[PDB]
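Following: one structure in structure tokens, then a few remarks.
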Number of protein chains: 6
Amino acid sequence: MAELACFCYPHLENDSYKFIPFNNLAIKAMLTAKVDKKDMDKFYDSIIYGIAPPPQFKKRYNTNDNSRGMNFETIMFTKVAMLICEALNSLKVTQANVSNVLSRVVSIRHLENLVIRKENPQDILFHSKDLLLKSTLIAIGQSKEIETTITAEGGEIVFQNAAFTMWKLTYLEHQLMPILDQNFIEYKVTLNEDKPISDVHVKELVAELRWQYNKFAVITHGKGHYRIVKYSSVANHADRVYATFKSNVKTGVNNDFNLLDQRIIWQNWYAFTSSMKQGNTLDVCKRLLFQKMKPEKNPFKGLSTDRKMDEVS
Amino acid sequence: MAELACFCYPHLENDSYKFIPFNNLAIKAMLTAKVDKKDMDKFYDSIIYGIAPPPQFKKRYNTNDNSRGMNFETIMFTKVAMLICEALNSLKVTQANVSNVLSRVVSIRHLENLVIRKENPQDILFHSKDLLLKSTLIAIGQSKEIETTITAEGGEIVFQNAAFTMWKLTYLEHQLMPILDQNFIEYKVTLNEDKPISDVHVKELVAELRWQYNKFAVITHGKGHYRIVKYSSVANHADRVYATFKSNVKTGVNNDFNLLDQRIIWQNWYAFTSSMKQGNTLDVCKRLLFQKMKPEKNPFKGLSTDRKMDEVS
Amino acid sequence: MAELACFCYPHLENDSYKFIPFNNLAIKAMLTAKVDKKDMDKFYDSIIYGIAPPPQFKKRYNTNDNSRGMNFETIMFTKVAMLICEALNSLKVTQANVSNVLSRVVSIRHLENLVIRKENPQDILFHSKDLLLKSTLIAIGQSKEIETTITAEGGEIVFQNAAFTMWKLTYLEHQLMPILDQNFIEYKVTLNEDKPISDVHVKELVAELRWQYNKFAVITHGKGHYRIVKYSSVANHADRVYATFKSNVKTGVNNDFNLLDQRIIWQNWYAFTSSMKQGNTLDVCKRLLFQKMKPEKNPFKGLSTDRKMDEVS
Amino acid sequence: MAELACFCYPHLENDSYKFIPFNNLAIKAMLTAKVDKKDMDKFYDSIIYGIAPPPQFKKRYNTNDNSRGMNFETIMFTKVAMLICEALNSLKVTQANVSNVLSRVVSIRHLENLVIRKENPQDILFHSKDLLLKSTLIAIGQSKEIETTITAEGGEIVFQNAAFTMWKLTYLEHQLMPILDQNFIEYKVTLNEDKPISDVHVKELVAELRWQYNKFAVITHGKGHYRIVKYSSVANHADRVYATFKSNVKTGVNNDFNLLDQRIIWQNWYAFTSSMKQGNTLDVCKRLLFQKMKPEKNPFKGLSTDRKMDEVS
Amino acid sequence: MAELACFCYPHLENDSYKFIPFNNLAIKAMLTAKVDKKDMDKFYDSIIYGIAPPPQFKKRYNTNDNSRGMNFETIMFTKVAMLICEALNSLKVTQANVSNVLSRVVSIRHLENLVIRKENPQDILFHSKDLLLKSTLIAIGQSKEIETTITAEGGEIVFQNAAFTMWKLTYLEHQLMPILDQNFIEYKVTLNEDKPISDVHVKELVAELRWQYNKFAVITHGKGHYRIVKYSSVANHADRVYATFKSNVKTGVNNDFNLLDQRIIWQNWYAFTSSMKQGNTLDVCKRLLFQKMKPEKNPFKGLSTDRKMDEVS
Amino acid sequence: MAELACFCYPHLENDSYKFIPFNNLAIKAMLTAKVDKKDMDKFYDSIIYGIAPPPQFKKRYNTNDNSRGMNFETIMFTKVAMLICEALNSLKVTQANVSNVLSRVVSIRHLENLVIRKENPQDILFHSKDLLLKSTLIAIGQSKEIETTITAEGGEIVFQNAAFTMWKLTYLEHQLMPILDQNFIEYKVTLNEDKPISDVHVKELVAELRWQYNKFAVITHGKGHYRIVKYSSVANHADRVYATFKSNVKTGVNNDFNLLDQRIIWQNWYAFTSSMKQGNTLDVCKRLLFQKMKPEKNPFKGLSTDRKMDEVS
């Protein structure tokens, strides 16, 4: 969850910027360097191991006194760095742009998962370079396309339907930047196709979530996919999503928010999400998250009893 | 889940029957003995290791070709055997009785759990011999008293209320006769007191079951406690409980069946249980288990939303 | 012991059906899919890992709740799948046929053993692709040829003669679909050549079986080889073989049954086998298995004493 | 299989010989001592660890260059030594006797097995000191009584009948003096009572040996028990038993030889044994072991088929 | 220490005999084959693993009941077999010869050691194919040349001089056919050149043997090298060497015996060796081994004191 | 090899000095204390763990920067300290004496060995408190008696005779203060009795040393026992022994030097030892150690050949 400039540096060679991966030992030398305030934002030169990241990004790397960062000495760091370089290098980047592109903060977990997909012979990304790139560009925030099943970050499939695919996010097992809270459990449901979805398929997906995931809120962060988070967490996803919309106060931050099927999404989340998409203060939105309601609680009232009955037999 | 005569043999000494534990090596010799059909029901004499169980009970002991029995060579076997002997010996048994008493088929798991309770200094049974005996006599089917929290078989407490105590049955981890199916999960809820229970406490217990155990049926086997079994199993608990009632065709089998709070017990189970307690064929009862219904589904309609809401905050 | 459609799917490419192996992850996604009754018999499309087997074949794959199936996540699964594909692909299959061919239920153990033979440099199948194919086609039930030593499924050789080869079936050690009963012991004797066999060689083979395998029945399942099963099992081999003959009630099921040398085969089995090959009910046949007899017990009366005498010296 | 003087030394104290165990370190010092030919037969005095065995018995103790002896540094050595001392000390021995008693060569294995019986709470010898002594005195050759089940050396019971008990000799697992040949397998059948034995019981025992031990000769060494040795060994048991009878050329060697039930014992062994008990040269006896015969091969002709038939069902 | 026909079989192909290595599995099948006395001397045909050695050579292969043979299932067996094949194949062998050549009994240890030399990049044999062959042909007894340092079997160098090289034979650590006696210790001294050796160099070598190997006899088996065996063994080397000379009773057994420097060789061994080389009975020779003498005990009387003195300083 | 005041401190209680063991933690606190030059020779007071040794003895305890000392945190330290206290406490010590007694430098190895003897039930010291004390007082230098077999420091017996006992000093394996040089090998020969020794016994002992220990010098340090040190070490034993005699320049240092049997002791050592015992400078003595000689080299000329001959047979 760091800046792209934490994995590579721009090198205007052969008439265009080609991004290059950092050596961890170079990062390690940087971490011990005495730097002037005037250069904290510049790429560092260890002499022995090549260029290192801007000293200001110190907090992004785990050290003897920092567990809030990433494990840049792992093999995964190199992999993810290369994964990023391969993507940014296909985007003939221009001078005035390199800066912004690299300051783009992205999800390292999302990147580690794609590396896990592409290195596996069974996964489609292993064979399609084109697919791997669309997927990476989406994750690097350098693409208009929305993430779907085919280009999903990955994880374990625990439910698949003609219209959806549910993945279990394996964050606890990550090498680069793992979730440290062992109580962590999160899933996401991606659309297999953006075309219309029958009520039949929605119903199936709503049933699986009601029976196998009763203790999980069904929300979304605006992109085109559902996020299955436990209720003890929604409040924070709220703060987070709102703060991102809040950053709309920056032209170019064109933020189309897609509040998915109102029959799938959790009632309160639909509320909170719409008040926000309308222009209300965090407090107005937030309150709707806690105000108990009643309606829209029976979109497909009866799904629960059915699955249960099927089990009985 | 074998006969009491599988752990000990009667010895009319010092003017009364005192029960004695078997040595596993004696059982082992028995298992290799060539016996006459006329003696399959008699206690066996190895010469080296004392008396062994009746050769007819061969199927009750695991061997190179039997995993349906118990692990009599474990330490737990001796413990459970002693636990039984200590109980039967406090019941000055008479001749005409020894036979019946020992043929009483009992739950070995229930017995292993009590051994686990009594050997632990923190558990009340460790200190009260009287309590340990009431508990054992209940489990040995030689007592009128109903099992309650204080005298429960044991397990892990995953919920306790002013009126109830929910235990997780640790059968997978048993030494003597473990459940072999790794998919096994079962809990039971015992009453802390037999006195009246407020709607407040029932409501709490119904809420915990609806949120933390949504995929479990809330039934009972007639005694005074609830059994939290997963729906994919109720059908068999049905066959089982009915066959036991079926054995009512044997005077002395006075079978008072207690179908606990209708607001707690699963709807269908209340149905199935009552048709049986009324005198209907298995088929009549059974059918009610699968016939979807509607009412009595809202005893405390709203519990679910509440817990969820509490989580959100 | 599953259908061929459990390891691969047909792909009519480059003007003919070429069979392709499944990825286990694709099988894994299938296992979580919600499918319509109308498609249970169709090949499944995970999106990430290619085509998966027909959802109806769910029971064929071990899962958290199934030990009756196979271990498709093992390396052996891929090997066996490839082994099958290599064979079916040499059989330019036509449309109307692909269906039937793939529904052919076969012995996975037989296939795992051939993989074990072909991967070993010392074994002839390692060097002869032609031999490996004859062997595989025999095992896949897509060949008229009978299995002989040269094309045997494999195992450990515990006796070899000018005319026969006895193998110990290593089923307990299999990776894909192992026999779970640790009491399992089975051997098979294959003919090194189909030409005539002298009384000298038969006698040797009958002696070895009488001395080293006294507790084993010498039977056959109709193909051209002997099966050394322990007597506590013949009854089931009976049910099995008969049910297969029973399936003769399906033209095309041309079932020539070869009841091998009457001096080698177990007396009762010769009986039971002939009554069946004559057209009698299971019960008529079956009874002959238990009816003690006398004659044909001295084909080479004296073999026993000889071996014993040789040992004494 | 060494002299009793290899485990203890006589100490005429408190007006009678009381035998004392050796310390292994004392034995170890002895093994390095330079001794005069005149003292090779005398008890050795290390100074640090007490009395050691007569230097002539050097070959009886394993060393860096001897695996033909015993492992006197094991705990079992002390145990067996004590076991012997406890027995010899109950036999108020007189001067002229100590010498002979200690020169008595005995079976160490037989002694290690009794230690294994007496140390086990389940075994009768653990509780009866009287029984343990009868057993030990029998094994030490200082008793007229014959060894029976109750006083058997021990082992694993693999068959028990109203009249017999079959034990598997665990020699490979011994600590003191183990059989080194991993191909070793031997059993012995002891009589539970010396009273008459019905044909019913003999028949059962003969059936078990014919089915479960077809590759074993049923012989005896003259005492009152059967020895189940594999045929590849009888020849040596022959040499051995004969050489012992040969030592009859020493008054006091009163050797009553009991050639057990002629229907149980192996035909040839009955022959060989009787020729010897008659006064013939080894060669005359020996020859009968290899001369194939016919009769007395059907004592209970039919036992074999029966067991087999029982298996089939 | 088996026949060459224990590692390979002749194959007259491409107009000349080319020797081929056995597969261990083929040897394993052979070991279970029932063969006619008429074929015990013929090459065996397993069907699955190629040709196997002549069944008469059964005793040469370790099995569950033979530790006197070799470990043919090891990797070393294949290596040694190849090592032999590479050598015999450079010797365009003729029909009438193949038989004799293969019946040549050779030292497996000697062969395993050469494999150890040739596989090591530091050793000269690794680089010179010519050298490796001279060495192998010497060891296979198909060469007139005498073994010297350059072509030595190998081992650890524990002393090297301008004229000699002393090796420690690592037999205990061998994979194919290790010495089983853990008390085993043997060395050999090879000549670096066959040219004359000054008294200076002989003296050095005699000093090293007197100080560092005082407990070892300095003998020779007739070839051109010394063997440092402990005195507790000379007696057997005597029997052995004599029996070999004894086999002189077979023209073609041209046995030139080289009894090396009389100042180096042990006095008695020089005696025993010369009586033999003269034509005396074993008994005449043998006696000289035990008859204490005096002279020739001071070839370089004083060597001992010198080394000692050098140590003191 | 430290001062006695390194293991205990004097406590004049109950009217006499009773010595008490140090706690290692107290020693550890001492090692960190800042002490005045005026108190380096005084007993230290940690407050938490009792009295500690005089800070001047710092070098005697191993630390992160000292491997020249002992391992006072081991269990052996406490044992040895107690062993010393038990001995000094039986010596009702007076004021003016405590000081000198405790400053007595002694061999820690010698003490660790006695602990090893007394803790072993097989060793005589385990049973005789009187013997253990004589032994300890000898080792503590607070006794006139000479060390003999019965009171030897201990080790492994590798040779015992009617007159002597040879021990292998196990210094490498010590816990408290081990010899760090892995090349270390030393033995000592103690007299079993101080009475006269026949030429027979001396001869045996001289033979064993000449054959089994040819590379060892046979010397002595003045006490009544031989020390078998390798020649590469005598030079230092020389420096050492002389420096001790040198300390004769201190009345009370009554140093009777016993230069044992001149036929046993090494020639040069007898020389060097006598020149010293005569009053010559180190240089005069020393030179005799290197001057090669001739006579007295044949005390029992012929021993060597004999042992060798015995081996040959």
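In the structure tokens, chains take the letters A, B, ... in the order shown, each chain's residues start at 1, and ligands count up from 1 in the order shown.
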Residues of chain E that approach chain C to 6 Å or less, counting only C-alpha atoms: could you list each one with the shortest pair of atoms and its distance in Å to one decimal, rows by chain and increasing residue number, as a Markdown table?
```
| residue | atom | partner | partner_atom | distance |
| --- | --- | --- | --- | --- |
| E:32 | CA | C:159 | CA | 4.9 |
| E:33 | CA | C:160 | CA | 4.6 |
| E:34 | CA | C:161 | CA | 5.7 |
| E:48 | CA | C:123 | CA | 5.3 |
| E:49 | CA | C:123 | CA | 5.0 |
```
Those same residues, written as a PDB file, in the first residue's frame with N, CA, C and O atoms?
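part20.pdb, freshly written:
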```pdb
ATOM      1  N   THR E  32      13.825 -64.167  -7.822  1.00  0.00           N
ATOM      2  CA  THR E  32      12.550 -64.787  -7.451  1.00  0.00           C
ATOM      3  C   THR E  32      12.135 -65.882  -8.436  1.00  0.00           C
ATOM      4  O   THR E  32      11.152 -66.587  -8.218  1.00  0.00           O
ATOM      5  N   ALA E  33      12.905 -66.021  -9.512  1.00  0.00           N
ATOM      6  CA  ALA E  33      12.626 -67.000 -10.560  1.00  0.00           C
ATOM      7  C   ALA E  33      12.853 -68.453 -10.168  1.00  0.00           C
ATOM      8  O   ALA E  33      13.735 -68.767  -9.360  1.00  0.00           O
ATOM      9  N   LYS E  34      12.035 -69.339 -10.733  1.00  0.00           N
ATOM     10  CA  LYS E  34      12.209 -70.763 -10.498  1.00  0.00           C
ATOM     11  C   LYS E  34      12.958 -71.178 -11.744  1.00  0.00           C
ATOM     12  O   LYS E  34      12.450 -71.040 -12.854  1.00  0.00           O
ATOM     13  N   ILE E  48      10.373 -57.468 -18.198  1.00  0.00           N
ATOM     14  CA  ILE E  48      10.192 -56.072 -17.898  1.00  0.00           C
ATOM     15  C   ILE E  48      11.475 -55.251 -17.769  1.00  0.00           C
ATOM     16  O   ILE E  48      11.486 -54.078 -18.145  1.00  0.00           O
ATOM     17  N   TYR E  49      12.550 -55.854 -17.259  1.00  0.00           N
ATOM     18  CA  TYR E  49      13.776 -55.096 -17.053  1.00  0.00           C
ATOM     19  C   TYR E  49      15.046 -55.549 -17.738  1.00  0.00           C
ATOM     20  O   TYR E  49      16.139 -55.234 -17.256  1.00  0.00           O
TER      21      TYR E  49
END
```
Pick out the residues sitting within 10 Å of residue 287 in chain E, and hand them over as an mmCIF file with N, CA, C and O atoms, in the first residue's frame; count only C-alpha atoms, and ignore anything fewer than 6 positions along from it in its own chain.
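Everything below was put into part.cif:
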```cif
data_model
loop_
_atom_site.group_PDB
_atom_site.id
_atom_site.type_symbol
_atom_site.label_atom_id
_atom_site.label_comp_id
_atom_site.auth_asym_id
_atom_site.auth_seq_id
_atom_site.Cartn_x
_atom_site.Cartn_y
_atom_site.Cartn_z
ATOM 1 N N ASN E 268 58.981 -62.273 9.231
ATOM 2 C CA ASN E 268 58.257 -63.533 9.085
ATOM 3 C C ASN E 268 57.552 -63.671 7.752
ATOM 4 O O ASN E 268 57.537 -64.750 7.164
ATOM 5 N N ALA E 271 59.863 -64.689 5.181
ATOM 6 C CA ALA E 271 60.100 -66.115 5.356
ATOM 7 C C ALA E 271 58.977 -66.910 4.698
ATOM 8 O O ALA E 271 59.186 -67.577 3.680
ATOM 9 N N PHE E 272 57.790 -66.837 5.301
ATOM 10 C CA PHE E 272 56.596 -67.521 4.805
ATOM 11 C C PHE E 272 56.447 -67.391 3.280
ATOM 12 O O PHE E 272 56.177 -68.370 2.589
#
```
Extract, using only C-alpha atoms, all DNA, RNA and protein residues at most 12 Å from residue 42 in chain E, discarding same-chain residues fewer than 2 positions from it, and format them as a list in words.
residues 5, 6, 9, 10, 30, 35, 36, 37, 38, 39, 40, 44, 45, 51, 52, 53, 54, 55, 56, 57 and 99 of chain E
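All residues in range 247-310 of chain F with a DSSP state of alpha helix (DSSP H), computed from the backbone, read residues 267, 268, 269, 270, 271, 272, 273, 274, 275, 276, 277, 278, 282, 283, 284, 285, 286, 287, 288, 289, 290, 303, 304, 305, 306, 307, 308, 309 and 310 of chain F.
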Just the residues within 12 Å of range 83-85 of chain A, please, counting only C-alpha atoms, with nothing from its chain fewer than 5 positions along; format it as an MDAnalysis selection string.
chainID A and resid 3:11 17:22 76:78 90:93 101:102 104 106:108 110:119 129 132:142
Write out as a PDB file with N, CA and C atoms, in the first residue's frame each polymer residue whose atoms come within 10 Å of residue 289 in chain E, counting only C-alpha atoms; drop sequence neighbours fewer than 3 positions from it.
```
ATOM      1  N   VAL E 234      47.430 -61.235   9.834  1.00  0.00           N
ATOM      2  CA  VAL E 234      48.400 -61.894   8.949  1.00  0.00           C
ATOM      3  C   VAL E 234      48.128 -63.364   8.681  1.00  0.00           C
ATOM      4  N   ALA E 235      47.773 -64.107   9.726  1.00  0.00           N
ATOM      5  CA  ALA E 235      47.488 -65.527   9.586  1.00  0.00           C
ATOM      6  C   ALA E 235      46.524 -65.805   8.432  1.00  0.00           C
ATOM      7  N   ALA E 238      47.795 -65.089   5.066  1.00  0.00           N
ATOM      8  CA  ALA E 238      48.659 -66.223   4.756  1.00  0.00           C
ATOM      9  C   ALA E 238      47.826 -67.285   4.046  1.00  0.00           C
ATOM     10  N   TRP E 266      57.714 -57.414   6.477  1.00  0.00           N
ATOM     11  CA  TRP E 266      57.888 -57.989   7.805  1.00  0.00           C
ATOM     12  C   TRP E 266      58.739 -59.261   7.682  1.00  0.00           C
ATOM     13  N   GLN E 267      59.696 -59.401   8.590  1.00  0.00           N
ATOM     14  CA  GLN E 267      60.595 -60.549   8.625  1.00  0.00           C
ATOM     15  C   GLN E 267      59.902 -61.890   8.350  1.00  0.00           C
ATOM     16  N   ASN E 268      58.981 -62.273   9.231  1.00  0.00           N
ATOM     17  CA  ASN E 268      58.257 -63.533   9.085  1.00  0.00           C
ATOM     18  C   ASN E 268      57.552 -63.671   7.752  1.00  0.00           C
ATOM     19  N   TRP E 269      56.957 -62.584   7.274  1.00  0.00           N
ATOM     20  CA  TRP E 269      56.265 -62.632   6.002  1.00  0.00           C
ATOM     21  C   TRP E 269      57.257 -62.907   4.877  1.00  0.00           C
ATOM     22  N   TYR E 270      58.472 -62.389   5.001  1.00  0.00           N
ATOM     23  CA  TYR E 270      59.459 -62.634   3.965  1.00  0.00           C
ATOM     24  C   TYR E 270      59.721 -64.136   3.979  1.00  0.00           C
ATOM     25  N   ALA E 271      59.863 -64.689   5.181  1.00  0.00           N
ATOM     26  CA  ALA E 271      60.100 -66.115   5.356  1.00  0.00           C
ATOM     27  C   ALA E 271      58.977 -66.910   4.698  1.00  0.00           C
ATOM     28  N   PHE E 272      57.790 -66.837   5.301  1.00  0.00           N
ATOM     29  CA  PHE E 272      56.596 -67.521   4.805  1.00  0.00           C
ATOM     30  C   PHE E 272      56.447 -67.391   3.280  1.00  0.00           C
ATOM     31  N   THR E 273      56.626 -66.180   2.768  1.00  0.00           N
ATOM     32  CA  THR E 273      56.498 -65.928   1.340  1.00  0.00           C
ATOM     33  C   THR E 273      57.519 -66.669   0.484  1.00  0.00           C
ATOM     34  N   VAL E 284      54.582 -76.053   6.151  1.00  0.00           N
ATOM     35  CA  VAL E 284      55.983 -75.654   6.259  1.00  0.00           C
ATOM     36  C   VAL E 284      56.034 -74.124   6.279  1.00  0.00           C
ATOM     37  N   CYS E 285      55.436 -73.496   5.264  1.00  0.00           N
ATOM     38  CA  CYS E 285      55.388 -72.036   5.163  1.00  0.00           C
ATOM     39  C   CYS E 285      54.807 -71.441   6.438  1.00  0.00           C
ATOM     40  N   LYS E 286      53.541 -71.763   6.683  1.00  0.00           N
ATOM     41  CA  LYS E 286      52.787 -71.309   7.850  1.00  0.00           C
ATOM     42  C   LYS E 286      53.610 -71.238   9.147  1.00  0.00           C
ATOM     43  N   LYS E 292      59.337 -67.293  16.372  1.00  0.00           N
ATOM     44  CA  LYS E 292      60.016 -66.041  16.692  1.00  0.00           C
ATOM     45  C   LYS E 292      61.449 -66.129  16.177  1.00  0.00           C
ATOM     46  N   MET E 293      61.996 -64.993  15.763  1.00  0.00           N
ATOM     47  CA  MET E 293      63.352 -64.932  15.234  1.00  0.00           C
ATOM     48  C   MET E 293      64.104 -63.780  15.899  1.00  0.00           C
TER      49      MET E 293
ATOM     50  N   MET F 309      54.005 -61.322  18.544  1.00  0.00           N
ATOM     51  CA  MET F 309      53.845 -62.746  18.259  1.00  0.00           C
ATOM     52  C   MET F 309      52.508 -63.289  18.745  1.00  0.00           C
ATOM     53  N   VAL F 312      49.914 -62.391  16.236  1.00  0.00           N
ATOM     54  CA  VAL F 312      49.989 -63.233  15.049  1.00  0.00           C
ATOM     55  C   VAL F 312      49.201 -64.527  15.234  1.00  0.00           C
ATOM     56  N   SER F 313      48.996 -64.934  16.488  1.00  0.00           N
ATOM     57  CA  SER F 313      48.243 -66.157  16.782  1.00  0.00           C
ATOM     58  C   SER F 313      46.972 -65.936  17.614  1.00  0.00           C
TER      59      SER F 313
END
```
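Taking CA of residue 74 in chain F as the reference point, CA of residue 109 in chain F is found at 13.9 Å.
Reported to one decimal place, the separation of CA of residue 180 in chain D from CA of residue 217 in chain D is 21.4 Å.
Between CA of residue 255 in chain B and CA of residue 187 in chain B the interatomic distance comes to 23.5 Å.
Across range 174-265 of chain E, DSSP run on the backbone finds strand (DSSP E or B) at residues 186, 187, 188, 189, 190, 191, 216, 217, 218, 219, 220, 226, 227, 228, 229 and 230 of chain E.
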